[PDB]
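Coordinates only, no sequence provided:
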Ligand SMILES: Cc1ccc2[nH]c3c(O)cc(Br)c(Br)c3c2c1
Ligand SMILES: [Mg+2]
């Protein structure tokens with residue numbers, strides 16, 4: 001009851017007895033805008049009088065305003081305040097849907113169903129609703145039996161996997177720093193505990209994220225634990241139904257945050273966990289120092305995160321590596337690479353004689369060579385005098401300072417990119433015990449974000465977030481109504497106005513050439529510069545596509561109108577970034593290294609060998625588009641389950657819910673639209689034959705029910721369920737929102 005730990009934090013407090021006096025009021029209020037210049041700051045006014053098609057209400061100041069019934073945003077009766085499934089609301093609109101979230105969010109209730117998907121508002125405070133007792137409660141309990149919780153929808157997916165024998169997937173969407181990553185960990189926590197043993201394999205799967213989070217997450221201005229990479233986690237399942245293995249796919253590692261970090265941002269956690277928290281023997285063994293003494297860590301102006309102990313986190317990272325099985329040496333080799341990368345950044349090239357770079361001080365070069373186990377003179381020549389094939393001859397390129405310091409970074413980014421690729425490979429090798437029968441995918445991705453300087457990585461992220469949103473639209477709006485008409489159910493199509501396939505096409509469109517398609521052309525073009533690229537973009541579709549803007553104010557930028565707003569991307573040096581060039585003498589300098597890992601990085605074809613596209617190597621953009629599209633096809637194979645995560649504010653503060661911010665997310669996520677289709681449509685659908693699965697209250701249910709149509713109708717007829725509430729079609733019976741929930745509860 002109310003004393004339960006679950007009533008305290010998961011269900012709405014029972015209201016005052018004086019509140020009852022108001023909850024029964026016959027009054028009718030309405031949300032309005034005291035300032036029409038701000039269409040997201042509403043206030044509650046009381047409808048005083050109504051004409052045939054108008055309302056008159058008294059503002060909070062007392063002034064009488066007047067509005068048409070068509071444009072009016074009526075307030076639901078306060079009996080709905082706190083309701084769990086928002087499709088049960090009568091007056092359904094942006095103001096009301098947002099108020100129900102203030103109510104719940106103010107009671108530390110962050111989860112709220114709305115239709116078949118789930119909403120999750122980031123609390124930014126540790127809410128004790130993920131303990132073991134919780135997981136035990138939702139084990140078996142139906143979605144309708146329990147309150148909104150990530151465990152609930154994770155169980156619905158699990159039960160839908162067994163009942164229907166179909167693969168599932170939990171698709172979690174949201175803005176940057178909205179709770180995507182945290183909810184995934186909880187989803188993994190639930191599934192593992194529910195379909196585990198009585199375990200090792202289950203313990204191992206849990207310990208994967210701490211590893212990846214150490215090398216994969218970092219501090220952005222939007223989020224102090226930001227996934228700079230995207231991951232799709234399949235939970236393989238046995239024929240019986242228990243977990244048999246797992247597999248992790250990784251995408252878009254922001255591998256240049258290594259060599260550079262924006263002001264107030266931070267490099268990947270793994271580097272700071274080492275310096276602060278490394279053994280005194282490793283410290284001098286790897287020639288380590290303080291964060292402020294390394295050129296790749298002292299530039300951001302920030303080496304410390306609020307309420308985070310890198311020394312303690314360093315413990316956790318290597319605790320997890322032991323559990324999955326990284327050798328005592330394999331771990332030391334990793335730290336060996338990290339130190340080596342830190343030293344590389346401290347190499348200070350200088351114009352010795354003018355013709356090219358000259359490296360006077362070699363203390364940093366050798367400290368990096370010592371760890372990597374490479375001949376420091378081979379590395380020095382491969383960084384500054386690499387060799388190339390001029391025709392068929394062999395020529396050494398006496399690179400200058402700016403061109404030598406870049407090849408340095410090209411190496412650094414290559415190492416870590418491959419290092420990261422190796423970690424996941426070492427993890428999948430121990431988790432892919434077998435190609436299993438069923439599988440549940442979990443999609444944690446780097447989230448839509450807008451920084452002061454937007455670059456290629458941001459485009460590919462937002463392109464992903466955009467592609468993901470349209471997927472939400474296709475299965476909630478387009479495919480849902482096609483099922484109705486596919487069953488001849490007398491449905492009139494509804495255009496909810498949510499479609500971003502235009503912005504997608506602009507980016508990845510092949511014919512006509514999309515943005516990425518031109519970059520590929522310009523990239524291979526030898527004389528292609530940034531001048532030629534940006535001009536080849538404006539001239540192409542400046543005034544030919546409404547999702548594109550050539551700014552009057554910058555010759556190096558272009559705007560794209562995403563589903564979450566317009567992002568002005570900076571084009572500087574995208575050509576090299578899409579080529580991802582790594583000078584070849586560098587690749588040899590390390591292919592002959594004296595370290596196991598470093599050797600496996602540049603000699604294992606799966607990690608070093610970049611695919612080839614006929615004449616030229618495959619580009620980044622071309623590669624990722626193939627990676628993403630491959631993932632999207634895999635998703636279409638499974639029944640999805642959406643979790644729309646929402647960030648309450650842009651300051652990472654708890655109990656500070658900003659109206660303007662939240663509505664922009666709801667407004668563009670289709671949350672409001674997403675309920676209408678659930679409310680005005682028929683969410684639940686089941687084959688007519690599969691419904692008999694026989695309640696011994698005037699029973700006339702033959703298992704082998706010839707003419708299933710009449711067989712099920714008789715049950716519904718006796719059940720005395722409103723026939724309007726359940727229109728049925730050719731092959732399956734369709735139920736309106738919750739109509740089936742009240743039907744299946746009879747058995748229980
Ligand atoms: C793996 C990859 C591929 C292309 C990229 N383009 C970037 C950019 O323009 C800025 C930053 Br920071 C990064 Br990381 C990338 C990147 C990474
Ligand atoms: Mg994340």
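All right, it came through fine. Residues are numbered from 1 along each chain as shown. Ligands and ions are numbered 1, 2, ... in the order given.

and residue 194, how far is that from residue 441?
17 Å (Cβ to Cβ, to the nearest Å). Bear in mind the C-beta positions are built from the backbone N, C-alpha and C, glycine included.

ok, which stretches of the stretch 351-500 of the chain are helices?
Counting by DSSP state H, counting those that start in this stretch, the stretch 351-500 of the chain has helices at residues 363-372, 376-384, 401-431, 456-473, 479-486.

looking at those, which is buried most?
helix 456-473 (a mean of 22; mean count of other Cβ atoms under 10 Å).

For ligand 1, see how far away the residue most central in space within the chain is.
By Cα atoms, centre = their mean, the chain has its centre lying nearest to residue 445, at 3.0 Å. Distance, residue 445 to ligand 1, by Cβ to the nearest ligand atom, to the nearest Å: 14 Å.

cool, and residue 351?
Counting by Cβ to the nearest ligand atom - residue 351 and ligand 1 are separated by 27 Å.

Please list all residues in contact with the residue lying closest to that residue once chain neighbours are set aside.
Closest residue in space to residue 351, ignoring its immediate chain neighbours: residue 401 at 5.6 Å, by Cβ to Cβ, 6 or more residues apart in numbering. Residue 401 makes contact with 349-351, 357 under the criterion Cβ atoms under 8 Å, 6 or more residues apart in numbering.

For the helix or strand containing residue 212, buried residues please.
Assigned by DSSP states H and E, residue 212 belongs to helix 208-216. Buried residues in helix 208-216, counted by 16 or more other Cβ atoms under 10 Å: 208-216.

and that helix, is it in reach of ligand 2?
No: using Cβ under 5 Å from the ion, helix 208-216 stays clear of ligand 2, coming no nearer than 8.5 Å.

And the next helix or strand past that helix?
On the C-terminal side of helix 208-216, the closest following helix or strand by DSSP H and E is strand 217-220.

For the stretch 501-650 of the chain, what lies in contact range of ligand 1?
The stretch 501-650 of the chain comes close to ligand 1 at residues 577, 620, as judged by Cβ under 6 Å from any ligand atom.

where along the stretch 501-650 of the chain do the strands fall?
548-549, 557-562, 565-570, 612-613, 616-617, 639-646 (DSSP state E, counting those that start in this stretch).

helices and strands around the third one, which ones?
Using 3 or more Cβ pairs under 8 Å, 6 or more residues apart in numbering; DSSP states H and E as the contact criterion, the elements in contact with strand 565-570 are helix 456-473, strand 557-562.

and the end-to-end length of stretch 643-654?
Distance between the two ends of stretch 643-654: 20 Å, counting by Cα to Cα, to the nearest Å.

Repeat that for stretch 74-93.
This stretch, stretch 74-93, spans 8 Å end to end (Cα to Cα).

Tell me the buried residues in it?
Neighbour counts using 16+ other Cβ under 10 Å place 74-78, 80-89, 91-92 of stretch 74-93 among the buried residues.

next one: stretch 340-348
Neighbour-count burial for stretch 340-348, counted by 16+ other Cβ under 10 Å, picks out 340-347.

Stretch 299-319 too?
So, applying 16+ other Cβ under 10 Å, buried residues of stretch 299-319: 299-300, 302-303, 305, 310, 313-314, 316-318.

In a markdown table: the helices and strands packed on strand 565-570, plus distance to residue 155.
Listed next are these as a markdown table, based on distance: least, Cβ to Cβ, whole Å:
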| stretch | distance to residue 155 |
| --- | --- |
| helix 456-473 | 21 |
| strand 557-562 | 33 |
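
Ok, which of those comes nearest ligand 2?
Proximity to ligand 2, assessed across the helices and strands packed on strand 565-570 by Cβ to the ion, is greatest for helix 456-473 (11.1 Å).

Which strands or helices does the closest one pack on?
Contacts defined by 3+ Cβ pairs under 8 Å, 6+ apart place helix 456-473 against strand 168-173, helix 501-508, strand 557-562, strand 565-570, helix 574-579, helix 620-636, helix 659-669.

pretty sure residue 514 is touching residue 520, no?
No: the pair residue 514 / residue 520 is not scored as a contact, 9.8 Å apart, by Cβ atoms under 8 Å.

Show me the contact partners of the one helix or strand residue 316 maps to.
Residue 316 is part of helix 310-324 when elements are defined by DSSP H and E. Residues outside helix 310-324 that contact it (Cβ under 8 Å, 6+ apart): 203-204, 207-208, 210-211, 214, 269-270, 272-278, 304, 330-331, 426-427, 430.

For it, what is the distance to the chain centroid?
Centre-to-centre, helix 310-324 and its host chain are 24 Å apart (Cα atoms, centre = their mean, to the nearest Å).

same question, stretch 173-181
Relative to the centre of its chain, stretch 173-181 is centred 6 Å away, using Cα atoms, centre = their mean.

And for stretch 368-376?
Computed by Cα atoms, centre = their mean, the separation of stretch 368-376 from the middle of its chain amounts to 38 Å.

which ones are touching residue 679?
87, 92, 115, 737.

Next, it: secondary structure please.
helix (DSSP: H, G, I helix; E, B strand; the rest coil).

Could you check how many residues crowd around residue 725?
The number of residues packed around residue 725, counting by other Cβ atoms under 10 Å, is 16.

Same check on residue 282?
With other Cβ under 10 Å as criterion, residue 282 counts 15.

What helices and strands are in contact with the helix or strand where it lies?
Secondary structure assigned from DSSP H and E places residue 282 in helix 280-285. When contacts are defined as 3+ Cβ pairs under 8 Å, 6+ apart, helix 280-285 packs onto no helix or strand at all.

Residues contacting it, please?
Outside helix 280-285, the residues that touch it by Cβ under 8 Å, 6+ apart are 288, 332, 335.

Can you list the buried residues in it?
Buried, per 16+ other Cβ under 10 Å, within helix 280-285: residue 285.

Same question for stretch 165-174.
Buried positions in stretch 165-174, judged by neighbour count with 16+ other Cβ under 10 Å: 167-174.

Please list the residues of the stretch 151-300 of the chain that sit near ligand 1.
Neighbours of ligand 1 within the stretch 151-300 of the chain, by Cβ under 6 Å from any ligand atom: 253-257.

could the residues you listed go into TSV alongside secondary structure and distance to ligand 2?
Listed next are those as TSV, based on DSSP: H, G, I helix; E, B strand; the rest coil; distance: Cβ to the ion, whole Å:
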residue	secondary structure	distance to ligand 2
253	coil	13
254	coil	12
255	coil	17
256	coil	18
257	coil	14
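
Adding neighbour count and distance to residue 590 as columns, could you present those in a markdown table?
Converted to a markdown table, those look like this (neighbours: other Cβ atoms under 10 Å; distance: Cβ to Cβ, whole Å):
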| residue | neighbour count | distance to residue 590 |
| --- | --- | --- |
| 253 | 24 | 19 |
| 254 | 22 | 23 |
| 255 | 22 | 16 |
| 256 | 18 | 20 |
| 257 | 23 | 22 |
